[PDB]
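Undergrad: Protein chains in written order, with full-length UniProt numbering: chain A, 2 to 60; chain B, 1 to 118; chain C, 1 to 122; chain D, 222 to 295; chain E, 1 to 204; chain F, 1 to 137. Even for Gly, the Cβ is constructed at its ideal location relative to N, Cα and C.
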Amino acid sequence: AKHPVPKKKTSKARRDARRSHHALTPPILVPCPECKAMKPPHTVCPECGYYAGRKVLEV
Amino acid sequence: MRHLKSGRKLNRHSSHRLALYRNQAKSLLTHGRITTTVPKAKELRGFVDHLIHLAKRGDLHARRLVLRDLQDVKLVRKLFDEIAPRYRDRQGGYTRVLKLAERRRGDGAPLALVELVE
Amino acid sequence: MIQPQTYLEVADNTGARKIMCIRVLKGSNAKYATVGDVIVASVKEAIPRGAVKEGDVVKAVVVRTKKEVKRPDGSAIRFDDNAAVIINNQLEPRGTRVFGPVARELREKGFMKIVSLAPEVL
Amino acid sequence: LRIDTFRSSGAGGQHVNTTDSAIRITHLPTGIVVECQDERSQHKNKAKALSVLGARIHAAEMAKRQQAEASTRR
Amino acid sequence: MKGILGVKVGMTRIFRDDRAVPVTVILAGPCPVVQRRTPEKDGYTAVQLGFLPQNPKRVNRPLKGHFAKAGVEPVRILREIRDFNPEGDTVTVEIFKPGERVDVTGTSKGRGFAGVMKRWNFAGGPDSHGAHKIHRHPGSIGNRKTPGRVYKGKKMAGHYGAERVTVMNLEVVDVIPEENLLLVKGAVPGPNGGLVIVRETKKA
Amino acid sequence: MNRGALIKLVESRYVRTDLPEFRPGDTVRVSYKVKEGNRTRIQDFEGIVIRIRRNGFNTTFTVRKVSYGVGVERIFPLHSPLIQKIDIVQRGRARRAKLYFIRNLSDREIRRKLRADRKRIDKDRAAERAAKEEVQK
RNA sequence: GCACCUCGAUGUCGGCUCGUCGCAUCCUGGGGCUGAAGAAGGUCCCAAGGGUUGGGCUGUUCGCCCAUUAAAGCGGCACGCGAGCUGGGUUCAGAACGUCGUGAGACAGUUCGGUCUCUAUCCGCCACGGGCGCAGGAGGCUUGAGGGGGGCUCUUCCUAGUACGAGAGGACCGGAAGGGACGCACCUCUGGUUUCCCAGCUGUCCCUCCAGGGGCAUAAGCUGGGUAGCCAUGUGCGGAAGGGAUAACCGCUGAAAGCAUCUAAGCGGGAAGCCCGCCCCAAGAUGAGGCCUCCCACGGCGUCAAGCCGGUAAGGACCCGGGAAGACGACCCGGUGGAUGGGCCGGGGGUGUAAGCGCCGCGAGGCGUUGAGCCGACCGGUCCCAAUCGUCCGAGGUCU
RNA sequence: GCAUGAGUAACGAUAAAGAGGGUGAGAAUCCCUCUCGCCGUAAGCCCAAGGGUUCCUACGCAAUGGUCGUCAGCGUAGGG
RNA sequence: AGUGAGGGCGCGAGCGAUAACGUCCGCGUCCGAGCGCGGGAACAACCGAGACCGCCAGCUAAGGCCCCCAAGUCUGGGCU
Ligand SMILES: [Mg+2]
Ligand SMILES: [Mg+2]
Ligand SMILES: [Mg+2]
Ligand SMILES: [Mg+2]
Ligand SMILES: [Mg+2]
Ligand SMILES: [Mg+2]
Ligand SMILES: [Mg+2]
Ligand SMILES: [Mg+2]
Ligand SMILES: [Mg+2]
Ligand SMILES: [Mg+2]
Ligand SMILES: [Mg+2]
Ligand SMILES: [Mg+2]
Ligand SMILES: [Mg+2]
Ligand SMILES: [Mg+2]
Ligand SMILES: [Mg+2]
Ligand SMILES: [Mg+2]
Ligand SMILES: [Mg+2]
Ligand SMILES: [Mg+2]
Ligand SMILES: [Mg+2]
Ligand SMILES: [Mg+2]
Ligand SMILES: [Mg+2]
Ligand SMILES: [Mg+2]
Ligand SMILES: [Mg+2]
Ligand SMILES: [Mg+2]
Ligand SMILES: [Mg+2]
Ligand SMILES: [Mg+2]
Ligand SMILES: [Mg+2]
Ligand SMILES: [Mg+2]
Ligand SMILES: [Mg+2]
Ligand SMILES: [Mg+2]
Ligand SMILES: [Mg+2]
Ligand SMILES: [Mg+2]
Ligand SMILES: [Mg+2]
Ligand SMILES: [Mg+2]
Ligand SMILES: [Mg+2]
Ligand SMILES: [Mg+2]
Ligand SMILES: [Mg+2]
Ligand SMILES: [Mg+2]
Ligand SMILES: [Mg+2]
Ligand SMILES: [Mg+2]
Ligand SMILES: [Mg+2]
Ligand SMILES: [Mg+2]
Ligand SMILES: [Mg+2]
Ligand SMILES: [Mg+2]
Ligand SMILES: [Mg+2]
Ligand SMILES: [Mg+2]
Ligand SMILES: [Mg+2]
Ligand SMILES: [Mg+2]
Ligand SMILES: [Mg+2]
Ligand SMILES: [Mg+2]
Ligand SMILES: [Mg+2]
Ligand SMILES: [Mg+2]
Ligand SMILES: [Mg+2]
Ligand SMILES: [Mg+2]
Ligand SMILES: [Mg+2]
Ligand SMILES: [Mg+2]
Ligand SMILES: [Mg+2]
Ligand SMILES: [Mg+2]
Ligand SMILES: [Mg+2]
Ligand SMILES: [Mg+2]
Ligand SMILES: [Mg+2]
Ligand SMILES: [Mg+2]
Ligand SMILES: [Mg+2]
Ligand SMILES: [Mg+2]
Ligand SMILES: [Mg+2]
Ligand SMILES: [Mg+2]
Ligand SMILES: [Mg+2]
Ligand SMILES: [Mg+2]
Ligand SMILES: [Mg+2]
Ligand SMILES: [Mg+2]
Ligand SMILES: [Mg+2]
Ligand SMILES: [Mg+2]
Ligand SMILES: [Mg+2]
Ligand SMILES: [Mg+2]
Ligand SMILES: [Mg+2]
Ligand SMILES: [Mg+2]
Ligand SMILES: [Mg+2]
Ligand SMILES: [Mg+2]
Ligand SMILES: [Mg+2]
Ligand SMILES: [Mg+2]
Ligand SMILES: [Mg+2]
Ligand SMILES: [Mg+2]
Ligand SMILES: [Mg+2]
Ligand SMILES: [Mg+2]
Ligand SMILES: [Mg+2]
Ligand SMILES: [Mg+2]
Ligand SMILES: [Mg+2]
Ligand SMILES: [Mg+2]
Ligand SMILES: [Mg+2]
Ligand SMILES: [Mg+2]
Ligand SMILES: [Mg+2]
Ligand SMILES: [Mg+2]
Ligand SMILES: [Mg+2]
Ligand SMILES: [Mg+2]
Ligand SMILES: [Mg+2]
Ligand SMILES: [Mg+2]
Ligand SMILES: [Mg+2]
Ligand SMILES: [Mg+2]
Ligand SMILES: [Mg+2]
Ligand SMILES: [Mg+2]
Ligand SMILES: [Mg+2]
Ligand SMILES: [Mg+2]
Ligand SMILES: [Mg+2]
Ligand SMILES: [Mg+2]
Ligand SMILES: [Mg+2]
Ligand SMILES: [Mg+2]
Ligand SMILES: [Mg+2]
Ligand SMILES: [Mg+2]
Ligand SMILES: [Mg+2]
Ligand SMILES: [Mg+2]
Ligand SMILES: [Mg+2]
Ligand SMILES: [Mg+2]
Ligand SMILES: [Mg+2]
Ligand SMILES: [Mg+2]
Ligand SMILES: [Zn+2]
């Protein structure tokens, strides 16, 4: 390794152009069928503790 | 090339990973439900499931095998005398795993609980 | 599976005892030889006053290896030592008596001299 | 005659590892081979080969003359 | 030009005239034709072929109209045998005589990202004697200022396997229609349970 | 669809039954059919089984004997239609299922560390003395 | 030889690895002449498609030699290739001989020793996605423009001991078989591996004294075996056949030029090469292709918009269970109208007679129970556990 | 003074973790117990030189801590 | 004051091998300082010509007048 190094300052228009893909994606969510509060699918709703219509933990 | 192989390493070597599997099995039989990461949980599942169904046999051999992991004499009694007869009429699958809507913090790991069923 | 530098044993009373394969006559660039294959070798060890001498370069054929050889029937066979018969350029035994069994494939490759000289073919 | 250029052998660096200054010449029907990594040139080693091999063929064959002369006189 | 869809089920070996032969067993029959490809309407000649029964509550609408249009109920995969015109409807295993020769097509095993040394068989580095961390690298890839680049097609690391592969001229060792099984002397590409296609070879 | 079954199917019509049971440690004679150019003759081969590796129809096994000062091993498929018959001659007790180590080993050493299995030999008289309950009527 | 770019740097020999281009051809292919009987060889033309071994000596390139070969071709690519390796050579300091100098030192003479820099920004290249486009919306199945791969060769036999030759030797043509190397795939067989699938073992600490287990001795303590998977030494198959246009070369017919000429008009034969043929990519082929089926009229607005809308449609994404698919994405299967993963069960397979007890023995041990016990993936079952419940997106087609 | 490389190397020995309970605005990281692993001629003790409040007690998290931090050899105040 | 590193082309000589984008003189020129403009595809010094600024006006220069690309697929006679 003879230690590679940038040739030229990456231009403004070129770096932002790279960051085209960096943007985030909002969480995906569902009402908890009892409390209608927001909650991610397939997890036990932290508002009550119900999943499959059964109380699962005593929130 | 993981092809058709099925286990898990959990970034732990063989000795460690094994111990982990016990100290979790251990604690699971102790407290009835525990909460770990989704992957540890997915794996751990069958480990306890195997010990339970071993106890369900009842014989000294069975007891002399489960003791090899659980190590503790009393938790062995606890296994055989209360846990296993719960399940004499449910074959296979003695535990459940459920995902937790709240994440971790300083590493944002996903979380899941593992309770045995009734 | 003998190739350059592979030492072999003498199957017969050629005076020779140990040879070391130095080339394999079975192609423009064959990689290894097996049973039925002729190889050119050098005498490394040999008893006094026998025909060939220490340093003779010789033609020989392999009659026993150590890597199990497949058969068309799906049998297989494997001997303990790697062994060969020293022969002339007419590909005749320069010896007169082979010792210890020899792979049937020698017969299948027409080495009728040896397999009769042979104590036991299998 | 077979002429032969090649990189000389020894101490020399960049203008010797990187300059085929060595010569070798071969007289085919006789058999004698001579060479000259003798000097940093090539033309000078060329000729120095082609006159050493001057002797080395004729000054050498004169032995065949005397050998016969001597033996036949004896 | 005959042909037929099927499953690589796995190979073993058998016996013939006191010689042992490696086979490779292939479930194939049956195959309901799905569509004719006219030279007039389509431009060429072939037959859309069905394989493996489909659970109808998974058949979407546009497919269900395709299927019923040739009078044939649901099926899992659809493929084409080019230059084939089946007399009867369903194509069988029975359309091969044992002794005949075939081209098999499969989707080879999936080695994911591949070392040069594996995929392209480069000899890579010397294991001792001085190697600073190239015990397995590809070495040089070019020249110098002329040409001043690397050329297209240069053998390099990347994905290897999981790809269309045909193997030519394979011997139909046997076939049991009653079971729809096929025996092929030798190595068909891809995994057990993988989809294969088999046709009459293009050899003499 | 059972592919596993589908294989067990096909092979079935090559499977022998007649062959005896045996374990490594047993000493055993195998009549084998070979060709000498024209003729097809039956060449025997007895020795200590050293290794049986199982996989159903494809199950195979290895026998090792010394001959004329040098040892041979041969491997036979346990369903080759080219095996005429196989013979128990003697039965031993190995502690393990793969007996390679007896290669790099003497003949008087192998004699003692491979002990004749008196047990399983008795069950053979049991078999054979009761096998004469056909010649009884 | 010159001294035109580079001395605010263009790392020089040889090996390795990867190669690619030239043809003035080393080999196989085609052909003329022969001082070509045949078999060979010589010399010349055509031909670059592929092929072009392994060792001894030396830092070597070169060269010599060993054993083979169809052959062991030469050259260009900064005498290709050190931000790919090496560092024996050579050209730092150290030191010795020969050697020159009173000398310090020196030589192109020799000999021992002598720090080779983790991070790729651009182009290039190998692989993989995201966006948009494809002027209606979608689920499939596809055509092949254009590229890529491949392209080698020997030996024996038959024809026939014939034609040939005094003989020795010994064919054309036509047809058969077995090989070496190389490529692609595969795991039945052989053969590796198989980080806990079984077993034995030593020290030691622990549980519980016996028995029986555990921890550590490696990130498996050591040993002996070992499924599935991944694999080469293991198995399969590949180069073709043939179709067309030609190279040198050989011709038919045929003037100019009464004869004559392969050519000027016309035609025939002809290569491992050329175009197809075989395997692969491939409609970003913006020139955006085709075929089968499925979905439909706009509810309100918009000077000009061929628009912005707003639920839905056939369908698609999310999410979750998963996967011989996989770096991540992507891809494929599946989600209770379920067998996707898990546990259980069974087959297969590995291991090779568990624990407990009874009998034998002072004992170490043995013997029975017992092919027992344990038993990861492979092949299948099986709703016991886990894929609960849900959310989003997507029509309505400018047009002479 | 601010960009570029770039949310990229790196986060400092491959002795190793797991869980329940607790405290707190907030916890993989602080406290408590249970299991697990490592050192054990030290990775445990005790002198000396050097350092000079780092010691104990309360209260506390902006910065220091290669992340977190309710914790600290960090800050405040008292004591010694 | 600066300059006292010149260069290329034509011609005339020496040197060189009637080699070199070689070298050294002589006489011219141009680049140097006209790398401003038109031709020569590109192209310091070859052919045309010495740019003070403006113009959606005219004539020519070398070089060209089938399309890229302004002007003749012009006209008359030949050859390949
Ligand atoms: Mg994102
Ligand atoms: Mg791997
Ligand atoms: Mg599975
Ligand atoms: Mg799996
Ligand atoms: Mg870890
Ligand atoms: Mg090979
Ligand atoms: Mg000697
Ligand atoms: Mg000889
Ligand atoms: Mg072989
Ligand atoms: Mg005999
Ligand atoms: Mg005899
Ligand atoms: Mg020298
Ligand atoms: Mg000199
Ligand atoms: Mg004389
Ligand atoms: Mg690799
Ligand atoms: Mg190589
Ligand atoms: Mg090498
Ligand atoms: Mg049949
Ligand atoms: Mg049968
Ligand atoms: Mg009776
Ligand atoms: Mg070398
Ligand atoms: Mg090499
Ligand atoms: Mg080359
Ligand atoms: Mg080269
Ligand atoms: Mg030539
Ligand atoms: Mg000549
Ligand atoms: Mg070549
Ligand atoms: Mg060319
Ligand atoms: Mg070599
Ligand atoms: Mg060589
Ligand atoms: Mg030399
Ligand atoms: Mg050469
Ligand atoms: Mg070169
Ligand atoms: Mg040069
Ligand atoms: Mg040096
Ligand atoms: Mg020195
Ligand atoms: Mg040196
Ligand atoms: Mg060194
Ligand atoms: Mg990069
Ligand atoms: Mg990049
Ligand atoms: Mg794309
Ligand atoms: Mg085609
Ligand atoms: Mg086009
Ligand atoms: Mg090509
Ligand atoms: Mg004859
Ligand atoms: Mg004759
Ligand atoms: Mg004769
Ligand atoms: Mg022929
Ligand atoms: Mg053969
Ligand atoms: Mg071959
Ligand atoms: Mg275990
Ligand atoms: Mg102990
Ligand atoms: Mg232990
Ligand atoms: Mg092991
Ligand atoms: Mg295996
Ligand atoms: Mg081989
Ligand atoms: Mg082949
Ligand atoms: Mg060919
Ligand atoms: Mg034509
Ligand atoms: Mg004529
Ligand atoms: Mg005539
Ligand atoms: Mg004529
Ligand atoms: Mg012609
Ligand atoms: Mg033709
Ligand atoms: Mg395709
Ligand atoms: Mg309506
Ligand atoms: Mg309106
Ligand atoms: Mg709309
Ligand atoms: Mg998914
Ligand atoms: Mg996945
Ligand atoms: Mg997509
Ligand atoms: Mg399914
Ligand atoms: Mg439900
Ligand atoms: Mg299942
Ligand atoms: Mg399952
Ligand atoms: Mg079994
Ligand atoms: Mg016992
Ligand atoms: Mg016992
Ligand atoms: Mg045990
Ligand atoms: Mg006892
Ligand atoms: Mg068993
Ligand atoms: Mg049993
Ligand atoms: Mg079980
Ligand atoms: Mg298990
Ligand atoms: Mg499964
Ligand atoms: Mg399966
Ligand atoms: Mg980031
Ligand atoms: Mg990232
Ligand atoms: Mg660092
Ligand atoms: Mg807590
Ligand atoms: Mg202390
Ligand atoms: Mg001190
Ligand atoms: Mg200080
Ligand atoms: Mg506080
Ligand atoms: Mg703080
Ligand atoms: Mg803070
Ligand atoms: Mg740091
Ligand atoms: Mg606080
Ligand atoms: Mg403080
Ligand atoms: Mg002045
Ligand atoms: Mg001056
Ligand atoms: Mg001047
Ligand atoms: Mg001048
Ligand atoms: Mg002159
Ligand atoms: Mg210009
Ligand atoms: Mg200007
Ligand atoms: Mg100009
Ligand atoms: Mg200028
Ligand atoms: Mg002027
Ligand atoms: Mg004019
Ligand atoms: Mg113009
Ligand atoms: Mg005209
Ligand atoms: Mg004119
Ligand atoms: Mg006129
Ligand atoms: Zn809720």
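I believe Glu-179 of chain E touches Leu-9 of chain F by the beta-carbon criterion, under 8 Å. Please report the beta-carbon distance rounded to the nearest angstrom.
TA: Confirmed, about 7 Å.
Undergrad: Can you have a look at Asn-2 of chain F and say buried or exposed, based on whether 16 or more other CB atoms are within 10 angstroms of its CB?
TA: Classification for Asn-2 of chain F: exposed.
Undergrad: Can you tell me which of the three DSSP states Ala-84 of chain B falls into?
TA: Reduced to three states, the DSSP call for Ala-84 of chain B is helix.
Undergrad: With a threshold of 7 Å on Cβ separation, who are the neighbours of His-159 of chain E within its own chain once the five nearest residues in sequence on each side are excluded?
TA: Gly-112, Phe-113, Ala-114
Undergrad: Is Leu-27 of chain E buried or exposed, if buried means 16 or more other CB atoms sit within 10 Å of its CB?
TA: buried
Undergrad: Looking at C-beta atoms only, is the number of pairs between the stretch 47-66 of chain C and the stretch 104-112 of chain B that lie closer than 8 Å three or more?
TA: no
Undergrad: Leaving out five residues before and five after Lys-99 of chain B in sequence, what residues of the same chain have Cβ atoms less than 6 Å from its Cβ?
TA: Once the five neighbours on either side are set aside, the close Cβ partners of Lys-99 of chain B are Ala-112.
Undergrad: Would a check of beta-carbon distances place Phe-67 of chain E closer than 8 Å to chain F?
TA: no
Undergrad: At the level of alpha carbons, what is the spacing between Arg-19 of chain E and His-13 of chain B?
TA: Approximately 48 Å between the Cα atoms of the pair.
Undergrad: At a CB distance below 7 Å, what residues from the stretch 76-110 of chain B approach chain A? Give them in sequence order.
TA: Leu-98, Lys-99, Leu-100, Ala-101, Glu-102
Undergrad: Where are the beta strand (DSSP E) runs, 3 residues long or more, that stay fully inside the stretch 6-46 of chain B, in chain order?
TA: 33-37
Undergrad: Short check: CB of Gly-74 of chain C to CB of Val-85 of chain C, under 8 Å?
TA: no
Undergrad: If I'm right that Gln-43 of chain F touches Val-34 of chain F with Cβ under 8 Å, what's the distance once you round it to whole angstroms?
TA: 5 Å
Undergrad: Exposed or buried, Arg-199 of chain E, counting other C-beta atoms within 10 Å across all chains shown (16 or more means buried)?
TA: buried
Undergrad: Under 7 Å Cβ-Cβ, which residues of chain C neighbour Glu-73 of chain F?
TA: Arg-78
Undergrad: Would you say the stretch 8-18 of chain E touches the stretch 191-198 of chain E, given that touching needs at least three Cβ pairs under 8 Å?
TA: yes
Undergrad: Leaving out five residues on either side along the sequence, give the residues of the same chain with a beta carbon under 7 Å from the beta carbon of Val-121 of chain C.
TA: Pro-101, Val-102, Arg-104, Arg-107, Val-115
Undergrad: For a test of your reading of the model: does the CB of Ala-123 of chain E fall under 7 Å from any non-hydrogen atom of ligand 16? Yes or no.
TA: yes
Undergrad: Within a Cβ cutoff of 7 Å, which residues of the same chain sit near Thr-251 of chain D, ignoring the five residues on either side of it in sequence?
TA: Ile-278
Undergrad: Could you tell me whether the Cβ of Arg-97 of chain C comes closer than 8 Å to any Cβ of chain F?
TA: no
Undergrad: Assuming the contact rule is C-beta atoms closer than 8 Å, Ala-101 of chain B and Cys-36 of chain A should be a hit. Round their C-beta distance to whole Å, please.
TA: The pair is not a contact, with the Cβ atoms about 12 Å apart (cut-off 8 Å).
Undergrad: Relative to the C-alpha of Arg-119 of chain E, which candidate in E:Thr-38, E:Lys-154, E:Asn-143, E:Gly-148 has its C-alpha closest?
TA: Here the closest residue by C-alpha is E:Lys-154.
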